[PDB]
Amino acid sequence: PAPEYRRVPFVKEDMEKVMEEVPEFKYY
Amino acid sequence: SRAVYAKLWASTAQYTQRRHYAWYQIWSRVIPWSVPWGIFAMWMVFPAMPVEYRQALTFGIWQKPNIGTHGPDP
Ligand SMILES: CCCCCCCCCCCCCCCCCC(=O)OC[C@H](COP(=O)([O-])OCC(O)COP(=O)([O-])OC[C@@H](COC(=O)CCCCCCCCCCCCCCCCC)OC(=O)CCCCCCCCCCCCCCCCC)OC(=O)CCCCCCCCCCCCCCCCC
Ligand SMILES: CCCCCCCCCCCCCCCCCC(=O)OC[C@H](COP(=O)([O-])OCC[N+](C)(C)C)OC(=O)CCCCCCCCCCCCCCCCC
């Protein structure tokens with residue numbers, strides 16, 4: 001028996017709101 | 001994702017500011033060398049100054065050496 005995979009649908013979002021969920025990262 | 005790639009691209013946008021910070025650090029390490037060399041400059045150029053200025057700059061500690069010659073004439 002194979003597992004019952006849950007669907008993940010594609011959705012398009014505003015990048016300037018997705019940028020509030022990006023981890024903080026520093027190089028300098 | 002566009003967002004993550006944008007963050008990674010932007011990570012180094014402020015190169016010039018980091019370089020100014022580097023200037024600051026290295027000059028802070030370097031600049032105290034001015035004190036030894038400054039003392040030696042002053043050491044060499046002190047006997048060129050007027051006798052009054054030698055007396056003043058040493059707060060009156062320095063005076064003409066006494067070697068037993070050229071005393072007053074009655
Ligand atoms: C004791 C126990 C034993 C311990 C042993 C331990 C081991 C170590 C040894 C220690 C023992 C003693 C040893 C003796 C050492 C000293 C003697 C010595 O060294 O003499 C040397 C001796 C030098 O003699 P000299 O030059 O005639 O000396 C003349 C004096 O220097 C007179 O010259 P001068 O009077 O013209 O000097 C000028 C001086 C004059 O100095 C002074 O008058 C200073 C006075 C000092 C006061 C002292 C203060 C400290 C004490 C205070 C007490 C505190 C009290 C509290 C503690 C007690 C109570 C709790 O002023 C300056 O230097 C400039 C002033 C300061 C400059 C910085 C600027 C500051 C500005 C101030 C700003 C503030 C505002 C002022 C403005 C006014 C308006 C407000 O050697 C020689 O004579 C030459 C020898 C020949 C050899 C030649 C060398 C080789 C060349 C060959 C080279 C060619 C070959 C090729 C190259 C080869 C390469 C390899
Ligand atoms: C980077 C620095 C390089 C330094 C290279 C310099 C080497 C050569 C120095 C020559 C000095 C000559 C001074 C000219 C005046 C006459 C001197 C003289 O004998 O006068 C009579 C006097 C005695 O006077 P007198 O008794 O003959 O009568 C005249 C009386 N007065 C002086 C009051 C007018 O003799 C001396 O005291 C000897 C002169 C000592 C001065 C030495 C100066 C050294 C300079 C080095 C300092 C460098 C600091 C760093 C600077 C760098 C900045 C970017």
Side-chain angles (χ1 to χ4, degrees):
Chain A
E4 181 173 316
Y5 296 91
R6 144 183 167 267
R7 180 182 176 211
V8 184
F10 281 116
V11 172
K12 284 195 171 178
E13 318 183 53
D14 185 2
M15 188 185 72
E16 292 185 25
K17 289 306 192 78
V18 178
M19 278 183 161
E20 307 179 348
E21 308 187 329
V22 174
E24 171 64 324
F25 169 86
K26 294 184 71 172
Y27 192 89
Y28 299 155
Chain B
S1 175
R2 289 172 64 192
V4 187
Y5 283 133
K7 185 75 171 179
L8 301 180
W9 303 337
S11 294
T12 58
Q14 290 168 48
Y15 169 95
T16 311
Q17 322 308 331
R18 186 61 185 80
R19 262 275 159 174
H20 289 302
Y21 192 39
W23 294 7
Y24 159 68
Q25 288 190 3
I26 277 62
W27 269 111
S28 75
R29 297 209 291 266
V30 165
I31 194 150
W33 280 109
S34 51
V35 179
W37 260 286
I39 303 151
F40 205 108
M42 255 306 298
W43 204 357
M44 272 291 292
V45 305
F46 182 88
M49 312 188 307
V51 185
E52 296 74 336
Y53 285 180
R54 290 176 241 170
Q55 285 163 317
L57 183 139
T58 62
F59 310 107
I61 295 175
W62 185 97
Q63 308 273 308
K64 286 193 180 183
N66 189 353
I67 57 163
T69 64
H70 301 102
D73 173 22

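The chains referred to below are lettered A, B, ... by the order of the sequence lines, with proteins before strands, and numbering in each begins at 1. One-based numbering, in listed order, for ligands and for the atoms of each. Atom set for the values below is all heavy atoms of this structure, side chains included, hydrogens, waters and symmetry mates excluded.
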**OP:** Check whether any side-chain heavy atom of B:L57 sits under 4.5 Å from a side-chain heavy atom of B:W62, and report yes or no.
**Re:** no

Original post:
Counting from 1, what ligand 2 atoms have a heavy atom of B:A41 closer than 4.0 Å?
Top reply: 49 (C)

Original post:
A:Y27, B:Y15: one ILVMFWY side-chain cluster at the under-4.5 Å cut-off?
Top reply: yes

Subject >> Heavy atom of protein inside 4.0 Å of atom 89 (C) of ligand 1, strictly below >> reply: no

**OP:** Using protein heavy atoms only, decide if any is under 4.0 Å from atom 61 (O) of ligand 1.
**Re:** yes

Original post:
Any idea which protein heavy atom is nearest atom 47 (C) of ligand 2, and the distance to it?
Top reply: B:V45 CG1, 4.0 Å

Original post:
Does an N or O from B:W62, backbone or side chain, lie closer than 3.5 Å to an N or O of ligand 1?
Top reply: yes

**OP:** Would you check the N or O atoms of B:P50, main chain and side chain alike, for any that come under 3.5 Å of an N or O of ligand 2?
**Re:** no

Original post:
Does the protein put a heavy atom under 4.0 Å from atom 100 (C) of ligand 1?
Top reply: no

Original post:
Would a search of protein heavy atoms around atom 35 (O) of ligand 1 find one under 4.0 Å away?
Top reply: yes

Original post:
Among all protein non-hydrogen atoms, which one is nearest to atom 46 (C) of ligand 1, and what is the separation to 0.1 Å?
Top reply: B:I61 CG2, 4.4 Å

Original post:
Within the structure, does at least one protein heavy atom fall under 4.0 Å of atom 28 (O) of ligand 2?
Top reply: no

Original post:
Could any protein non-hydrogen atom be found less than 4.0 Å from atom 32 (C) of ligand 1?
Top reply: no

Subject >> Nearest protein heavy atom with distance in Å, relative to atom 44 (C) of ligand 1 >> reply: B:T58 CG2, 4.6 Å

Original post:
Do you see a protein non-hydrogen atom under 4.0 Å from atom 18 (C) of ligand 2?
Top reply: no

**OP:** Taking atom 7 (C) of ligand 1 as the reference point, report whether a protein heavy atom occurs under 4.0 Å from it.
**Re:** no

**OP:** Answer yes or no: is there a side-chain heavy-atom contact under 4.5 Å between B:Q25 and B:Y21?
**Re:** yes

**OP:** Examine B:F46 and B:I61 and state if one hydrophobic cluster contains both, with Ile, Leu, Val, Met, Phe, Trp and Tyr joined whenever side-chain heavy atoms are less than 4.5 Å apart.
**Re:** no

Original post:
How far does CD of B:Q63 sit from OG1 of B:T58, to the nearest 0.5 angstrom?
Top reply: 7.5 Å

**OP:** Measure the distance from atom 34 (C) of ligand 2 to every protein heavy atom, then report the residue, atom name and distance (to 0.1 Å) of the closest one.
**Re:** B:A48 O, 4.5 Å

**OP:** Identify the protein heavy atom lying closest to atom 63 (O) of ligand 1, giving its residue, its atom name and the separation to 0.1 Å.
**Re:** B:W43 CD1, 3.2 Å

Original post:
Which heavy atom of the protein is the closest neighbour of atom 70 (C) of ligand 1, given with residue, atom name and distance?
Top reply: B:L57 CD2, 4.3 Å

**OP:** Give a yes or no answer on whether the side chain of B:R54 reaches the backbone of B:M49 with a donor-acceptor pair at less than 3.5 Å.
**Re:** yes

Subject >> Mode of B:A56 contact toward ligand 1 - side chain, backbone, both, neither (heavy atoms, under 4.0 Å) >> reply: backbone

Original post:
Is atom 75 (C) of ligand 1 less than 4.0 angstrom from some protein heavy atom?
Top reply: yes

Original post:
Which heavy-atom pair separates B:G68 from B:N66 by the least distance, and what is that distance?
Top reply: N-OD1, 3.4 Å

Original post:
Taking the six-membered ring where the residue is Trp, are the ring centres of B:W37 and B:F40 under 6.0 Å apart?
Top reply: no

Subject >> Summary of salt bridge (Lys or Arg N to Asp or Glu O under 4.0 Å) pairs that have at least one residue in residues 18-28 of chain A, sequence neighbours excluded >> reply: A:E24-B:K7

Original post:
Looking at atom 49 (C) of ligand 2, is any protein heavy atom nearer than 4.0 Å to it?
Top reply: yes

Subject >> CG (A:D14) with more than 12 external heavy atoms under 6.0 Å >> reply: yes

**OP:** Measure the spacing between CZ of B:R2 and CD of A:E16 and express it to the nearest 0.5 Å.
**Re:** 9.5 Å

Original post:
Among the heavy atoms of B:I39, does any lie under 4.0 Å from an atom of ligand 1?
Top reply: no

Subject >> Selected option - heavy-atom contact closest to atom 41 (C) of ligand 2, from B:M49, B:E52, B:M44 >> reply: B:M44

**OP:** Establish whether atom 82 (C) of ligand 1 and some protein heavy atom are separated by less than 4.0 angstrom.
**Re:** no

**OP:** Quick one: look up the protein heavy atom nearest atom 80 (C) of ligand 1 and list residue, atom name and how far away it is.
**Re:** B:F59 CE2, 3.8 Å

Original post:
Considering only the protein, which heavy-atom contact is closest to atom 38 (C) of ligand 1, and what is its distance?
Top reply: B:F46 CD2, 3.4 Å

Original post:
For atom 44 (C) of ligand 2, is the nearest protein heavy atom under 4.0 Å away?
Top reply: yes

Subject >> Same apolar cluster (I L V M F W Y, side chains within < 4.5 Å links), B:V4/A:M19 >> reply: no

Original post:
Looking only at heavy atoms, what is the nearest atom pair of B:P36 and B:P32, with distance?
Top reply: CD-O, 3.6 Å

**OP:** Treat each ILVMFWY residue as a node, draw an edge where side-chain heavy atoms are under 4.5 Å apart, and state whether A:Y28 and A:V22 are in one component.
**Re:** no

Original post:
Between B:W9 and B:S11, is any pair of side-chain heavy atoms under 4.5 Å apart?
Top reply: no

**OP:** Under 4.0 Å from a heavy atom of B:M42: give me the atoms of ligand 1 that qualify, with their elements.
**Re:** 67 (C), 68 (C), 69 (C)

Original post:
Does the protein put a heavy atom under 4.0 Å from atom 38 (C) of ligand 2?
Top reply: no

Original post:
Would one find more than 12 heavy atoms of other residues, nucleotides or ligands at under 6.0 Å from atom CD1 of B:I31?
Top reply: no

**OP:** Under 4.0 Å from a heavy atom of B:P47: give me the atoms of ligand 2 that qualify, with their elements.
**Re:** 37 (O)

Original post:
Are any of the protein's heavy atoms under 4.0 angstrom from atom 32 (C) of ligand 2, yes or no?
Top reply: yes

